[PDB]
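Heads up, the chain below is alone and in the form deposited in one PDB entry; it's given as structure tokens.
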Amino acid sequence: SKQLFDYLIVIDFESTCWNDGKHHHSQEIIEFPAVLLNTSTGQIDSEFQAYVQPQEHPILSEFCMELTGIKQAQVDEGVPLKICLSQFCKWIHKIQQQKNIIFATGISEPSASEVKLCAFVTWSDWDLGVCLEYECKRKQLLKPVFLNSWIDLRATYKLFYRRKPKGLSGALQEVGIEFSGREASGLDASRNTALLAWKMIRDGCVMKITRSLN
């Protein structure tokens, strides 16, 4: 099976959250992880991780610290989301200059092996379609335009293996990949999502864009 993208960037956001019934607050990203997956070798050639300091609700709840495993001192040393997006773009620009990566849906010219097509992968459409999207609009921040299209890996998992998975853990378990300890979060969840994408590629799944916000 021939893949369209030479690299995927897998992202699994962690954010503030509460489950106190009908009290509803505004959620802010607290961890911004990304792993660069090589669709030809299967390895992780580069990683990005930044803890984001919340501004509207800077105190992490016990439910949130229990769910994400993130301690208070980590978001206290972290940077606001605005600075985080600048750091992430610097990382994107770095991996472009190193691996000759562009973000395109296809080359309308004969293929040149020097250029590499890359795409963003998330588990659900929640990361780049809900979490980062509706937070940038509410804080009037500039969202990088290359995060407006991605690959919903859960939807890709459903139509490929022809079954409905019960979360990222359930999907990994059904294909024989079992991890130990608590459910991964942040950079660990991103690495495991990239493992699932690599397993799907080995099984012959061609990763295609599933959602666009344009």
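Shifts are known only where both forms have a C-alpha. Throughout, we count residues from 1 along the sequence that is shown. Here, rigid core means the biggest group of C-alpha atoms that superpose within 1.5 Å across both forms.
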As the entry reports it, the stretch among 92 to 100 and 67 to 75 with higher mean C-alpha B factor is 67 to 75
Residue range whose averaged C-alpha B-factor is higher in the record, 152 to 160 or 50 to 58: 50 to 58
Can you tell me which of 42, 186, 176, 181 has the maximum CA B-factor listed in the PDB entry? 181
Sorting the chain's CA B-factors, does residue 213 end up in the lowest, middle or highest third? highest
Could you tell me which third, lowest, middle or highest, the C-alpha B-factor of residue 170 occupies within its chain? middle
Of the three thirds of Cα B-factor ranks in this chain, residue 84 occupies the middle
Tell me, lowest, middle or highest third: where does the Cα B factor of residue 11 rank within its chain? lowest
Looking at the temperature factor on the CA atom of residue 112, which third of the chain's modelled residues does it land in? highest
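Just so you know, the form deposited in another entry exists too; it's not on screen, but the next bit is about it.
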Fix the rigid core, compare C-alpha positions between the shown form and the other one, and report which of 142, 89, 83, 107 shifts by 2 Å or more. 107
Core aligned, does the CA of residue 203 move at least 2 Å between the shown form and the other one? no
Which is it in the other entry for the CA atoms of residue 43 and residue 111, closer or farther than here, knowing they shift by 3 Å or more? closer
So the C-alpha spacing of residue 105 and residue 204 changes by 3 Å or more in the other entry; is that change toward closer or farther than shown? farther
Core superposition done; which regions of 3+ residues show CA shifts of at least 2 Å throughout between the shown form and the other one? 19 to 22, 105 to 113
